[PDB]
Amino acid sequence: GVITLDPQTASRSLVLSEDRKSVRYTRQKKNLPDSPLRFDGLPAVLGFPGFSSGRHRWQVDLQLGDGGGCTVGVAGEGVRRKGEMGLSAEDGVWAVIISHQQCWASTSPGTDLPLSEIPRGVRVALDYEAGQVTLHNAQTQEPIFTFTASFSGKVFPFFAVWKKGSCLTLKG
């Protein structure tokens, strides 16, 4: 199922590609119009569509710039869009944060992940009725994390990326 990046949610710190399948961080903010839906404080963007039911999978390839990082997972539709405050599963973000030496799951408090290696891609699997979000290393199949939750209403693919040279690209 085709997932794309939703420009109407994208932080001004994010440049979506013309095909809306990739996104890079920009130090110079884009002139995106103000909206209550738009991330402002975190360099984040939702996917489209969101999901109310069923099993869904997608893959995110990632490149990090110097001192860079990204966040890959899922977010409840009610996720706060405004402020610089880090989001966690309390805020309805179930994601892994990847940086050059250190990856962590967005539990509350956060879980440091002792991975064989830093991923260069992440496979996300949502099972809405099972209340599970599973993350694997897309290339090696190393398990990264499994979140267990009870979902109500729509759950969206969630992405964030930061520092120059950092970028994400969606695959099937």
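Just count from 1 along the sequence shown to find any residue number.
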Return whichever of 41-49 and 126-134 has the greater mean Cα B factor according to the PDB record. 126-134
Which of the two stretches, 8-16 or 151-159, shows the higher mean Cα temperature factor in the record? 151-159
Criterion, highest CA B-factor; candidates, 119, 36, 69, 109: 119
Taking the values exactly as deposited, rank residue 144 by C-alpha B-factor within its chain and report the matching third: lowest, middle or highest. middle
So where's residue 103 on the chain's Cα temperature factor ranking, which third? highest
Which third of the chain does residue 83 land in by C-alpha B-factor: lowest, middle or highest? highest
Residue 60 - which third its CA temperature factor falls in, relative to the rest of the chain: middle
